[PDB]
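Below you'll find the structure, written out as structure tokens, and then a few comments.
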Amino acid sequence: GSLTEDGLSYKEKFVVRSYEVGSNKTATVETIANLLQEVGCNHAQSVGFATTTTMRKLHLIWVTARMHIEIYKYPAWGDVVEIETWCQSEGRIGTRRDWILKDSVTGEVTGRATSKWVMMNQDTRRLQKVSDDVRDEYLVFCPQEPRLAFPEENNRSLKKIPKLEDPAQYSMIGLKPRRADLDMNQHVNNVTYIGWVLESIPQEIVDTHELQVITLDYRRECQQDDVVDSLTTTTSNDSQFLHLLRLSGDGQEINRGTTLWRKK
Amino acid sequence: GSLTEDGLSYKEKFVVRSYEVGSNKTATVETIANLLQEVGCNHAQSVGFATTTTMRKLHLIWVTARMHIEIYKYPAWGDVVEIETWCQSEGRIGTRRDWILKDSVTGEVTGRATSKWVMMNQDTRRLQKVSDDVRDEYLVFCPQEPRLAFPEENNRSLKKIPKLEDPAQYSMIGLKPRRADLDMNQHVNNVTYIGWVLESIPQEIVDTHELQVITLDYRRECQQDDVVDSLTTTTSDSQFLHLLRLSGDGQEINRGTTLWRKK
Ligand SMILES: N#CCC(=O)NC1CCCCC1
Ligand SMILES: N#CCC(=O)NC1CCCCC1
């Protein structure tokens, strides 16, 4: 991987692995999300980091608030996928990381993704606005004019998601993270939540449809000793679902989302 | 990746990923096991496949009976690891796949692994001996003289493993596979069982020790709708005896041992 000529974005190529593919012999959405995360981390390292100087002094971190992924073609086992990523400041609300996925052979766009990140104190877990000093320190690494993976004025990446009402149509109960689900700081990896959401989709939908769009809101973290319940209700040749992840016991919300599936 | 000059083994280089490392910023044993599995699959594809012509017509497949891994140094995040793999016939018993892990920069051996594979009919799930026809079709891709990742006489990779007796010292119950744990044929990936075994090791041990050796026997598969219990007892450096069994009737799925060195 490497930064582009202007130093304002980063590209990396990946060969899709045997254990990374599902029943169709194409990469799962969780493999795609892990690749986005890896290219995101390599971009941050290449430019000096994603805690800045001022963030480390004030015990502040970036946390994912929302993730939105749209896939047109999942790469097959052995195929090479090229991913381009960049960051942008969104004033004092937070930051945004965007991605474009391309087939290395054809150069065609096979997917795109966007994510919203908010500032948070590591210790108190209290969200806050982006200070001027932090915003100035990361603007040297971002394009100045807007560059959006989802430019459309009526796009599905900015839609408000409602809370699923009991009773859910489908459910998968008692989901727990194992050590492979944790990152290097022992926090549950953001991609695990995508897997947990998809666990309540019936196997018949997965067998006859391909996942086209997934929007996920992150409300609260799952601790490594927590237990989660995954709930899904059909809201709809296309199928839409409303999703909810909550703690198995008290029912505390951890995530909410929507998925759109197209018939194969 | 590519086959070596003589075409009797295969090498591939991997850059360790951010999500592939644990709390020590080095690759987990499950990342290592996934890399062994990937280089194994790439070796099979490069030589024409690991179902052969005779196996496809007879509805036969290779299944893992045992896996043994020894790690001296886990590669750090961003490091390049080079893995060499080869296969060997073991007469009528089955086949063996071996691996050597090296630091790409220094060329030093940082790990080694061996695995025993047995023939099985896909449909009946009945184990079988290897026929002469299969033996001949496999021998053109294997070294003729023995080449062993663990050559030492009376080494850890060939030790008989006993069955853990109740009550277990430690346990993790109600473990279930999710879709990310399944392979392309909807079977639970062999690496998931390694993760499930390690789930009953206390976090205190993981925080103060590094895993040096793991030997795992595969007795029966876990279906995607099955629930597993993971049991561990200290037998001792720290040694542990492990057992995975179905949550309900207690049917054995795996047994194994781990050796851990203090950091
Ligand atoms: N953390 C991290 C890497 C990153 O930049 N993005 C990740 C986190 C959100 C879901 C997958 C993509
Ligand atoms: N299947 C397959 C790939 C392969 O050759 N070996 C794998 C399976 C056993 C555990 C990890 C290594």
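Scheme for the structure tokens: letters A, B, ... for chains in order shown; per-chain residue numbers from 1; ligand numbers from 1 in order shown.
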### Message
When you look at residue B:86 with a cut-off of 10 Å (counting only C-alpha atoms), what residues show up, excluding the ones that are within fewer than 3 positions of it in the same chain? I need them as a list in words.
### Response
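The residues satisfying every condition are residues 3, 7, 8, 9, 10, 11, 39, 40, 43, 44, 96, 97, 98, 99, 100, 114, 141, 142, 143, 147, 148 and 149 of chain B.
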#### Entry: Those of stretch 5-218 of chain B in DSSP strand (DSSP E or B), formatted as a PyMOL selection string
chain B and resi 10-15+21+26-27+60-71+76+80-90+94-103+109-121+127-128+170-175+182+188+209-218
### Query
Which residues come within 8 Å of residue A:38, counting only C-alpha atoms, excluding same-chain residues fewer than 2 positions away, as a PyMOL selection string?
(chain A and resi 34-36+40-42) or (chain B and resi 17-19)
Could you give me, as a PDB file with N, CA and C atoms, in the first residue's frame, the residues within 10 Å of residue A:127, counting only C-alpha atoms and dropping anything in the same chain fewer than 6 positions from it?
```
ATOM      1  N   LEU A  60      -8.051  11.556  24.589  1.00  0.00           N
ATOM      2  CA  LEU A  60      -9.156  11.477  23.638  1.00  0.00           C
ATOM      3  C   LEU A  60      -8.876  10.471  22.524  1.00  0.00           C
ATOM      4  N   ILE A  61      -9.938   9.827  22.024  1.00  0.00           N
ATOM      5  CA  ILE A  61      -9.904   8.843  20.936  1.00  0.00           C
ATOM      6  C   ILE A  61     -11.058   9.068  19.935  1.00  0.00           C
ATOM      7  N   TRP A  62     -10.942   8.482  18.741  1.00  0.00           N
ATOM      8  CA  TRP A  62     -11.984   8.475  17.727  1.00  0.00           C
ATOM      9  C   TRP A  62     -12.751   7.164  17.872  1.00  0.00           C
ATOM     10  N   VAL A  63     -14.078   7.229  17.892  1.00  0.00           N
ATOM     11  CA  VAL A  63     -14.907   6.041  17.960  1.00  0.00           C
ATOM     12  C   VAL A  63     -15.909   6.048  16.803  1.00  0.00           C
ATOM     13  N   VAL A 118     -16.713   9.942  16.018  1.00  0.00           N
ATOM     14  CA  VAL A 118     -16.893  11.005  17.006  1.00  0.00           C
ATOM     15  C   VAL A 118     -15.758  10.986  18.035  1.00  0.00           C
ATOM     16  N   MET A 119     -15.471  12.143  18.626  1.00  0.00           N
ATOM     17  CA  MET A 119     -14.414  12.245  19.631  1.00  0.00           C
ATOM     18  C   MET A 119     -14.953  11.753  20.986  1.00  0.00           C
ATOM     19  N   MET A 120     -14.108  11.072  21.771  1.00  0.00           N
ATOM     20  CA  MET A 120     -14.534  10.559  23.068  1.00  0.00           C
ATOM     21  C   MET A 120     -13.361  10.497  24.036  1.00  0.00           C
ATOM     22  N   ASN A 121     -13.579  10.847  25.320  1.00  0.00           N
ATOM     23  CA  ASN A 121     -12.519  10.704  26.325  1.00  0.00           C
ATOM     24  C   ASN A 121     -12.420   9.206  26.631  1.00  0.00           C
TER      25      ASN A 121
END
```
Give as a compact mmCIF listing (two decimals) with N, CA and C atoms, in the first residue's frame the residues surrounding ligand 1 up to a distance of 10 Å, considering only C-alpha atoms and all ligand atoms.
```txt
# COMPACT_ATOMS: atom_id res chain seq x y z
N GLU A 30 -18.11 -9.21 5.99
CA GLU A 30 -17.20 -9.08 7.13
C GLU A 30 -15.76 -9.07 6.66
N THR A 31 -15.42 -9.84 5.59
CA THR A 31 -14.07 -9.78 5.03
C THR A 31 -13.84 -8.39 4.45
N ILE A 32 -14.83 -7.86 3.70
CA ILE A 32 -14.75 -6.53 3.12
C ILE A 32 -14.51 -5.49 4.21
N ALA A 33 -15.30 -5.54 5.31
CA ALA A 33 -15.19 -4.62 6.45
C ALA A 33 -13.84 -4.71 7.15
N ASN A 34 -13.24 -5.93 7.23
CA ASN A 34 -11.90 -6.10 7.82
C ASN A 34 -10.85 -5.44 6.89
N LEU A 35 -11.02 -5.56 5.57
CA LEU A 35 -10.11 -4.94 4.59
C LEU A 35 -10.19 -3.41 4.65
N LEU A 36 -11.41 -2.86 4.84
CA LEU A 36 -11.58 -1.40 4.99
C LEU A 36 -10.82 -0.92 6.24
N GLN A 37 -10.94 -1.67 7.32
CA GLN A 37 -10.32 -1.39 8.60
C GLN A 37 -8.79 -1.44 8.46
N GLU A 38 -8.26 -2.46 7.76
CA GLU A 38 -6.81 -2.58 7.51
C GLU A 38 -6.24 -1.42 6.65
N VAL A 39 -6.94 -1.06 5.56
CA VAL A 39 -6.48 0.05 4.72
C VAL A 39 -6.57 1.37 5.51
N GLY A 40 -7.60 1.52 6.36
CA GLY A 40 -7.78 2.67 7.24
C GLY A 40 -6.60 2.83 8.19
N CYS A 41 -6.18 1.72 8.86
CA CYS A 41 -5.03 1.70 9.75
C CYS A 41 -3.72 1.98 9.02
N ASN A 42 -3.54 1.45 7.79
CA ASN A 42 -2.29 1.67 7.05
C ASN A 42 -2.17 3.14 6.61
N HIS A 43 -3.30 3.78 6.25
CA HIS A 43 -3.34 5.19 5.89
C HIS A 43 -2.89 6.05 7.12
N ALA A 44 -3.47 5.81 8.30
CA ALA A 44 -3.12 6.50 9.55
C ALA A 44 -1.61 6.37 9.89
N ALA A 50 -5.92 6.42 15.54
CA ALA A 50 -5.41 7.58 14.82
C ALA A 50 -5.37 8.81 15.74
N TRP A 62 -10.94 8.48 18.74
CA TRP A 62 -11.98 8.48 17.73
C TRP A 62 -12.75 7.16 17.87
N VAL A 63 -14.08 7.23 17.89
CA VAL A 63 -14.91 6.04 17.96
C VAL A 63 -15.91 6.05 16.80
N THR A 64 -16.26 4.87 16.27
CA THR A 64 -17.23 4.77 15.16
C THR A 64 -18.65 5.05 15.68
N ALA A 65 -19.35 5.99 15.04
CA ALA A 65 -20.74 6.29 15.37
C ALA A 65 -21.66 5.59 14.34
N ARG A 66 -21.26 5.58 13.06
CA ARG A 66 -22.01 4.97 11.97
C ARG A 66 -21.08 4.41 10.90
N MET A 67 -21.51 3.31 10.25
CA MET A 67 -20.83 2.63 9.15
C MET A 67 -21.89 2.36 8.04
N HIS A 68 -21.57 2.63 6.78
CA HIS A 68 -22.48 2.39 5.66
C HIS A 68 -21.68 1.77 4.51
N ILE A 69 -22.05 0.56 4.07
CA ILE A 69 -21.35 -0.13 2.99
C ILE A 69 -22.33 -0.54 1.87
N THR A 85 -8.81 4.94 0.23
CA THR A 85 -9.42 5.54 1.40
C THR A 85 -8.89 6.96 1.68
N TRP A 86 -9.75 7.80 2.22
CA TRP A 86 -9.40 9.16 2.59
C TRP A 86 -10.28 9.59 3.78
N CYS A 87 -9.86 10.66 4.45
CA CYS A 87 -10.56 11.23 5.59
C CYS A 87 -10.97 12.65 5.30
N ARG A 96 -14.95 11.90 9.07
CA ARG A 96 -15.54 10.91 8.20
C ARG A 96 -14.42 10.17 7.46
N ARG A 97 -14.52 8.83 7.37
CA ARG A 97 -13.55 8.07 6.57
C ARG A 97 -14.36 7.44 5.45
N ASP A 98 -13.90 7.60 4.19
CA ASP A 98 -14.57 7.03 3.01
C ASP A 98 -13.68 6.03 2.26
N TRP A 99 -14.30 5.10 1.54
CA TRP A 99 -13.57 4.10 0.77
C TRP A 99 -14.25 3.86 -0.57
N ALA A 113 -17.89 2.70 0.61
CA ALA A 113 -18.23 2.76 2.01
C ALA A 113 -17.92 4.12 2.62
N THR A 114 -18.67 4.46 3.67
CA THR A 114 -18.50 5.70 4.40
C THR A 114 -18.69 5.39 5.90
N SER A 115 -17.98 6.12 6.75
CA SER A 115 -18.10 5.95 8.20
C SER A 115 -17.99 7.31 8.92
N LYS A 116 -18.80 7.51 9.99
CA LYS A 116 -18.78 8.71 10.83
C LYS A 116 -18.06 8.37 12.15
N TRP A 117 -17.13 9.22 12.57
CA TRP A 117 -16.36 9.02 13.79
C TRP A 117 -16.56 10.21 14.72
N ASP A 183 -9.88 -6.65 19.50
CA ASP A 183 -8.76 -5.98 18.85
C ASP A 183 -7.52 -6.00 19.78
N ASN A 189 -14.03 -5.85 18.21
CA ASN A 189 -13.79 -5.29 16.89
C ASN A 189 -15.14 -4.87 16.30
N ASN A 190 -15.21 -3.69 15.68
CA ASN A 190 -16.43 -3.16 15.07
C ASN A 190 -17.08 -4.07 14.06
N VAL A 191 -16.28 -4.94 13.38
CA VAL A 191 -16.75 -5.87 12.36
C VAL A 191 -17.56 -7.02 12.97
N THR A 192 -17.26 -7.41 14.23
CA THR A 192 -18.01 -8.46 14.95
C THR A 192 -19.51 -8.08 15.03
N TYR A 193 -19.81 -6.77 15.26
CA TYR A 193 -21.19 -6.32 15.37
C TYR A 193 -21.96 -6.54 14.07
N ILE A 194 -21.26 -6.39 12.91
CA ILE A 194 -21.83 -6.65 11.58
C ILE A 194 -22.23 -8.13 11.52
N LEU A 216 -25.16 0.67 9.70
CA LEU A 216 -25.11 0.30 11.10
C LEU A 216 -24.76 1.51 12.00
N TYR A 218 -23.77 2.68 15.91
CA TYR A 218 -23.07 2.14 17.08
C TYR A 218 -23.45 3.02 18.27
N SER B 18 -3.51 -5.43 11.03
CA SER B 18 -3.95 -4.81 12.28
C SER B 18 -4.97 -5.65 13.05
N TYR B 19 -6.02 -6.19 12.37
CA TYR B 19 -7.04 -6.99 13.06
C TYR B 19 -6.60 -8.43 13.37
```
### Task
Please provide the set of residues having any atom within 6 Å of residue A:81, restricted to only C-alpha atoms, with same-chain residues fewer than 2 positions apart removed, written as a ChimeraX atom specification.
/A:13-14,102-104
#### Entry: Minimum-distance residue to chain A, chosen among B:54, B:212, B:190, B:131 (using only C-alpha atoms)
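Closest candidate: B:190.
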## Note on the structure
Using only C-alpha atoms, the shortest atom-to-atom distance to residue A:155 among A:215, A:186, A:176, A:28 belongs to A:215
Show me which residues are within 8 Å of ligand 2 counting only C-alpha atoms and all ligand atoms, and format the list as a short mmCIF file (atom, residue, chain, number, x, y, z; two decimals) with N, CA, C and O atoms, in the first residue's frame.
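Once written, out-v3.cif looks like this:
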```cif
data_model
loop_
_atom_site.label_atom_id
_atom_site.label_comp_id
_atom_site.auth_asym_id
_atom_site.auth_seq_id
_atom_site.Cartn_x
_atom_site.Cartn_y
_atom_site.Cartn_z
N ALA B 33 -2.71 -20.11 12.21
CA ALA B 33 -3.43 -21.27 11.68
C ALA B 33 -4.21 -20.95 10.41
O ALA B 33 -4.32 -21.81 9.54
N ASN B 34 -4.77 -19.73 10.29
CA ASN B 34 -5.47 -19.30 9.07
C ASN B 34 -4.44 -19.14 7.92
O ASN B 34 -4.73 -19.53 6.80
N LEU B 35 -3.25 -18.63 8.21
CA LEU B 35 -2.18 -18.47 7.20
C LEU B 35 -1.68 -19.83 6.72
O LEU B 35 -1.45 -20.02 5.52
N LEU B 36 -1.58 -20.82 7.64
CA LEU B 36 -1.16 -22.17 7.25
C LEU B 36 -2.21 -22.77 6.28
O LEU B 36 -1.87 -23.39 5.28
N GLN B 37 -3.47 -22.57 6.59
CA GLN B 37 -4.61 -23.04 5.82
C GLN B 37 -4.61 -22.39 4.43
O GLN B 37 -4.76 -23.08 3.45
N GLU B 38 -4.36 -21.08 4.35
CA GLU B 38 -4.27 -20.35 3.08
C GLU B 38 -3.10 -20.82 2.19
O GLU B 38 -3.29 -21.06 0.98
N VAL B 39 -1.90 -20.99 2.77
CA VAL B 39 -0.75 -21.45 1.99
C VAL B 39 -0.98 -22.92 1.53
O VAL B 39 -0.58 -23.26 0.40
N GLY B 40 -1.69 -23.72 2.34
CA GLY B 40 -2.03 -25.10 2.00
C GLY B 40 -2.97 -25.14 0.80
O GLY B 40 -2.72 -25.86 -0.16
N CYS B 41 -4.02 -24.31 0.83
CA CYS B 41 -4.94 -24.19 -0.29
C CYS B 41 -4.24 -23.68 -1.55
O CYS B 41 -4.56 -24.15 -2.62
N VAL B 63 -9.80 -35.17 5.48
CA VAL B 63 -10.26 -34.50 6.69
C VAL B 63 -9.11 -34.45 7.70
O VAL B 63 -8.31 -35.38 7.75
N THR B 64 -9.02 -33.37 8.50
CA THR B 64 -7.97 -33.24 9.51
C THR B 64 -8.24 -34.18 10.70
O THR B 64 -9.33 -34.19 11.26
N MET B 67 -3.64 -31.74 14.39
CA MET B 67 -2.90 -30.51 14.07
C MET B 67 -1.91 -30.25 15.24
O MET B 67 -2.27 -30.40 16.41
N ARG B 97 0.56 -32.87 6.07
CA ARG B 97 0.95 -31.58 5.52
C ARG B 97 1.81 -30.93 6.58
O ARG B 97 1.40 -30.89 7.75
N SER B 115 0.38 -31.64 10.35
CA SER B 115 -1.02 -32.04 10.42
C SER B 115 -1.22 -33.40 9.75
O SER B 115 -0.61 -33.65 8.71
N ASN B 189 -14.89 -24.06 10.20
CA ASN B 189 -13.48 -23.97 9.86
C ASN B 189 -12.68 -24.62 11.01
O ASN B 189 -12.98 -24.36 12.17
N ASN B 190 -11.67 -25.43 10.68
CA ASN B 190 -10.83 -26.12 11.67
C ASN B 190 -10.17 -25.20 12.69
O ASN B 190 -9.83 -25.66 13.77
N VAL B 191 -9.91 -23.93 12.31
CA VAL B 191 -9.26 -22.91 13.15
C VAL B 191 -10.19 -22.45 14.28
O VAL B 191 -9.70 -22.10 15.36
#
```
### Query
Where does DSSP see alpha helix (DSSP H) in stretch 52-251 of chain B, if you list the residues as a ChimeraX atom specification?
/B:53-57,132-139,190-198,203-208
Next, dump the selected residues to file, keeping only N, CA and C atoms, as a PDB file, in the first residue's frame.
```pdb
ATOM      1  N   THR B  53      -8.708 -36.904  -9.038  1.00  0.00           N
ATOM      2  CA  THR B  53      -9.665 -37.451  -9.993  1.00  0.00           C
ATOM      3  C   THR B  53     -10.366 -38.666  -9.403  1.00  0.00           C
ATOM      4  N   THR B  54      -9.592 -39.617  -8.832  1.00  0.00           N
ATOM      5  CA  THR B  54     -10.143 -40.822  -8.206  1.00  0.00           C
ATOM      6  C   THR B  54     -11.031 -40.459  -7.000  1.00  0.00           C
ATOM      7  N   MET B  55     -10.623 -39.458  -6.203  1.00  0.00           N
ATOM      8  CA  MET B  55     -11.410 -39.044  -5.048  1.00  0.00           C
ATOM      9  C   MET B  55     -12.760 -38.445  -5.462  1.00  0.00           C
ATOM     10  N   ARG B  56     -12.786 -37.585  -6.493  1.00  0.00           N
ATOM     11  CA  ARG B  56     -14.033 -36.959  -6.934  1.00  0.00           C
ATOM     12  C   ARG B  56     -15.075 -37.990  -7.419  1.00  0.00           C
ATOM     13  N   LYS B  57     -14.633 -38.999  -8.172  1.00  0.00           N
ATOM     14  CA  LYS B  57     -15.544 -40.026  -8.676  1.00  0.00           C
ATOM     15  C   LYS B  57     -16.040 -40.952  -7.553  1.00  0.00           C
ATOM     16  N   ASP B 132      -4.167 -47.698  -3.457  1.00  0.00           N
ATOM     17  CA  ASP B 132      -2.977 -47.560  -4.298  1.00  0.00           C
ATOM     18  C   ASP B 132      -3.180 -46.497  -5.383  1.00  0.00           C
ATOM     19  N   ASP B 133      -4.361 -46.464  -6.019  1.00  0.00           N
ATOM     20  CA  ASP B 133      -4.678 -45.484  -7.060  1.00  0.00           C
ATOM     21  C   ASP B 133      -4.493 -44.046  -6.582  1.00  0.00           C
ATOM     22  N   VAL B 134      -4.949 -43.724  -5.353  1.00  0.00           N
ATOM     23  CA  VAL B 134      -4.809 -42.376  -4.794  1.00  0.00           C
ATOM     24  C   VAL B 134      -3.348 -42.080  -4.443  1.00  0.00           C
ATOM     25  N   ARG B 135      -2.657 -43.074  -3.886  1.00  0.00           N
ATOM     26  CA  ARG B 135      -1.245 -43.027  -3.522  1.00  0.00           C
ATOM     27  C   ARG B 135      -0.376 -42.589  -4.705  1.00  0.00           C
ATOM     28  N   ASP B 136      -0.615 -43.174  -5.889  1.00  0.00           N
ATOM     29  CA  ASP B 136       0.160 -42.892  -7.084  1.00  0.00           C
ATOM     30  C   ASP B 136      -0.115 -41.506  -7.630  1.00  0.00           C
ATOM     31  N   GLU B 137      -1.368 -41.054  -7.558  1.00  0.00           N
ATOM     32  CA  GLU B 137      -1.755 -39.723  -8.038  1.00  0.00           C
ATOM     33  C   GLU B 137      -1.244 -38.577  -7.156  1.00  0.00           C
ATOM     34  N   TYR B 138      -0.921 -38.865  -5.884  1.00  0.00           N
ATOM     35  CA  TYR B 138      -0.439 -37.906  -4.889  1.00  0.00           C
ATOM     36  C   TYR B 138       1.089 -37.853  -4.826  1.00  0.00           C
ATOM     37  N   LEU B 139       1.758 -38.981  -5.094  1.00  0.00           N
ATOM     38  CA  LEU B 139       3.210 -39.091  -4.999  1.00  0.00           C
ATOM     39  C   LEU B 139       4.008 -38.251  -5.996  1.00  0.00           C
ATOM     40  N   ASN B 190     -11.669 -25.428  10.684  1.00  0.00           N
ATOM     41  CA  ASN B 190     -10.826 -26.115  11.669  1.00  0.00           C
ATOM     42  C   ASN B 190     -10.169 -25.200  12.689  1.00  0.00           C
ATOM     43  N   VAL B 191      -9.910 -23.926  12.313  1.00  0.00           N
ATOM     44  CA  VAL B 191      -9.263 -22.914  13.153  1.00  0.00           C
ATOM     45  C   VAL B 191     -10.191 -22.455  14.282  1.00  0.00           C
ATOM     46  N   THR B 192     -11.530 -22.467  14.055  1.00  0.00           N
ATOM     47  CA  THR B 192     -12.523 -22.101  15.079  1.00  0.00           C
ATOM     48  C   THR B 192     -12.361 -23.002  16.322  1.00  0.00           C
ATOM     49  N   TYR B 193     -12.072 -24.312  16.105  1.00  0.00           N
ATOM     50  CA  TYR B 193     -11.916 -25.253  17.221  1.00  0.00           C
ATOM     51  C   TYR B 193     -10.730 -24.862  18.108  1.00  0.00           C
ATOM     52  N   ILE B 194      -9.654 -24.305  17.492  1.00  0.00           N
ATOM     53  CA  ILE B 194      -8.476 -23.817  18.217  1.00  0.00           C
ATOM     54  C   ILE B 194      -8.925 -22.670  19.130  1.00  0.00           C
ATOM     55  N   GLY B 195      -9.714 -21.743  18.599  1.00  0.00           N
ATOM     56  CA  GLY B 195     -10.234 -20.611  19.366  1.00  0.00           C
ATOM     57  C   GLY B 195     -11.100 -21.068  20.527  1.00  0.00           C
ATOM     58  N   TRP B 196     -11.983 -22.046  20.263  1.00  0.00           N
ATOM     59  CA  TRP B 196     -12.862 -22.617  21.296  1.00  0.00           C
ATOM     60  C   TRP B 196     -12.070 -23.302  22.396  1.00  0.00           C
ATOM     61  N   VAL B 197     -10.989 -24.055  22.051  1.00  0.00           N
ATOM     62  CA  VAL B 197     -10.123 -24.702  23.065  1.00  0.00           C
ATOM     63  C   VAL B 197      -9.520 -23.636  24.017  1.00  0.00           C
ATOM     64  N   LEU B 198      -8.952 -22.568  23.421  1.00  0.00           N
ATOM     65  CA  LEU B 198      -8.300 -21.464  24.124  1.00  0.00           C
ATOM     66  C   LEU B 198      -9.250 -20.611  24.974  1.00  0.00           C
ATOM     67  N   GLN B 203      -7.782 -15.727  31.572  1.00  0.00           N
ATOM     68  CA  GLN B 203      -7.204 -14.521  31.007  1.00  0.00           C
ATOM     69  C   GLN B 203      -5.852 -14.163  31.666  1.00  0.00           C
ATOM     70  N   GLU B 204      -5.660 -14.544  32.960  1.00  0.00           N
ATOM     71  CA  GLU B 204      -4.416 -14.364  33.725  1.00  0.00           C
ATOM     72  C   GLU B 204      -3.236 -15.030  32.996  1.00  0.00           C
ATOM     73  N   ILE B 205      -3.432 -16.276  32.510  1.00  0.00           N
ATOM     74  CA  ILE B 205      -2.424 -17.047  31.785  1.00  0.00           C
ATOM     75  C   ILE B 205      -2.121 -16.351  30.467  1.00  0.00           C
ATOM     76  N   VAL B 206      -3.154 -15.962  29.701  1.00  0.00           N
ATOM     77  CA  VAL B 206      -2.942 -15.294  28.419  1.00  0.00           C
ATOM     78  C   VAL B 206      -2.159 -13.979  28.585  1.00  0.00           C
ATOM     79  N   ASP B 207      -2.443 -13.220  29.653  1.00  0.00           N
ATOM     80  CA  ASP B 207      -1.772 -11.948  29.970  1.00  0.00           C
ATOM     81  C   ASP B 207      -0.298 -12.074  30.417  1.00  0.00           C
ATOM     82  N   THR B 208       0.082 -13.206  31.028  1.00  0.00           N
ATOM     83  CA  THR B 208       1.440 -13.379  31.558  1.00  0.00           C
ATOM     84  C   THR B 208       2.291 -14.421  30.831  1.00  0.00           C
TER      85      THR B 208
END
```
Residues of chain B within 7 Å of chain A, counting only C-alpha atoms - could you list those as a short mmCIF file (atom, residue, chain, number, x, y, z; two decimals) with N, CA and C atoms, in the first residue's frame?
```cif
data_model
loop_
_atom_site.label_atom_id
_atom_site.label_comp_id
_atom_site.auth_asym_id
_atom_site.auth_seq_id
_atom_site.Cartn_x
_atom_site.Cartn_y
_atom_site.Cartn_z
N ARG B 17 -1.64 -8.24 9.52
CA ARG B 17 -2.67 -7.19 9.56
C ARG B 17 -3.04 -6.70 10.93
N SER B 18 -3.51 -5.43 11.03
CA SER B 18 -3.95 -4.81 12.28
C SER B 18 -4.97 -5.65 13.05
N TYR B 19 -6.02 -6.19 12.37
CA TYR B 19 -7.04 -6.99 13.06
C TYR B 19 -6.60 -8.43 13.37
N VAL B 21 -3.77 -9.19 15.07
CA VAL B 21 -2.92 -9.25 16.27
C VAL B 21 -3.69 -9.14 17.57
N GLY B 22 -3.12 -9.71 18.63
CA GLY B 22 -3.69 -9.64 19.98
C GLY B 22 -3.15 -8.48 20.80
N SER B 23 -3.30 -8.55 22.14
CA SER B 23 -2.89 -7.48 23.07
C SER B 23 -1.37 -7.20 23.11
N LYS B 25 0.41 -6.96 20.36
CA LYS B 25 0.68 -6.45 19.01
C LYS B 25 1.43 -7.47 18.12
N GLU B 38 -4.36 -21.08 4.35
CA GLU B 38 -4.27 -20.35 3.08
C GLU B 38 -3.10 -20.82 2.19
N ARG B 178 -20.77 -18.74 14.39
CA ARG B 178 -21.56 -17.81 13.60
C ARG B 178 -21.14 -17.99 12.10
N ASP B 183 -16.68 -22.33 6.54
CA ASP B 183 -15.89 -22.25 5.31
C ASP B 183 -16.87 -22.13 4.09
N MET B 184 -16.34 -22.18 2.85
CA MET B 184 -17.16 -22.08 1.63
C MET B 184 -18.13 -23.26 1.45
N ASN B 185 -17.93 -24.39 2.14
CA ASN B 185 -18.86 -25.53 2.06
C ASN B 185 -19.81 -25.60 3.26
N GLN B 186 -19.90 -24.51 4.07
CA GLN B 186 -20.75 -24.35 5.27
C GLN B 186 -20.38 -25.28 6.43
N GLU B 199 -10.56 -20.66 24.70
CA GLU B 199 -11.55 -19.89 25.46
C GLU B 199 -11.62 -20.29 26.94
#
```
### Query
To one decimal place, how far is atom CA of residue A:9 from atom CA of residue A:108 in Å?
18.3 Å
### Query
Within 10 Å of residue B:158, counting only C-alpha atoms, which residues qualify if same-chain residues fewer than 3 places away don't, as a VMD selection string?
chain B and resid 66 68 114 150 153 to 155 161 215
Could you dump the residues just selected with N, CA and C atoms as an mmCIF file, in the first residue's frame?
```cif
data_model
loop_
_atom_site.group_PDB
_atom_site.id
_atom_site.type_symbol
_atom_site.label_atom_id
_atom_site.label_comp_id
_atom_site.auth_asym_id
_atom_site.auth_seq_id
_atom_site.Cartn_x
_atom_site.Cartn_y
_atom_site.Cartn_z
ATOM 1 N N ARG B 66 -5.465 -34.578 13.106
ATOM 2 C CA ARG B 66 -4.617 -33.963 14.121
ATOM 3 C C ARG B 66 -3.874 -32.768 13.544
ATOM 4 N N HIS B 68 -0.661 -29.921 14.925
ATOM 5 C CA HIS B 68 0.352 -29.632 15.945
ATOM 6 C C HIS B 68 1.150 -28.392 15.514
ATOM 7 N N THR B 114 2.696 -29.308 11.799
ATOM 8 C CA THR B 114 2.443 -30.574 11.140
ATOM 9 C C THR B 114 0.959 -30.924 11.317
ATOM 10 N N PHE B 150 8.952 -31.819 12.092
ATOM 11 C CA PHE B 150 9.325 -32.295 13.412
ATOM 12 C C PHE B 150 10.025 -33.643 13.263
ATOM 13 N N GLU B 153 13.148 -37.853 17.217
ATOM 14 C CA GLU B 153 12.532 -39.107 17.653
ATOM 15 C C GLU B 153 11.907 -38.892 19.022
ATOM 16 N N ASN B 154 10.608 -39.231 19.166
ATOM 17 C CA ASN B 154 9.795 -39.022 20.370
ATOM 18 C C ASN B 154 9.508 -37.529 20.594
ATOM 19 N N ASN B 155 9.018 -36.847 19.547
ATOM 20 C CA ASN B 155 8.680 -35.423 19.623
ATOM 21 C C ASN B 155 7.212 -35.198 20.066
ATOM 22 N N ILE B 161 -2.963 -38.244 23.489
ATOM 23 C CA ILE B 161 -3.612 -37.288 24.397
ATOM 24 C C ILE B 161 -4.751 -37.954 25.186
ATOM 25 N N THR B 215 -1.348 -28.968 20.464
ATOM 26 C CA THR B 215 -1.647 -30.221 19.769
ATOM 27 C C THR B 215 -3.148 -30.422 19.885
#
```
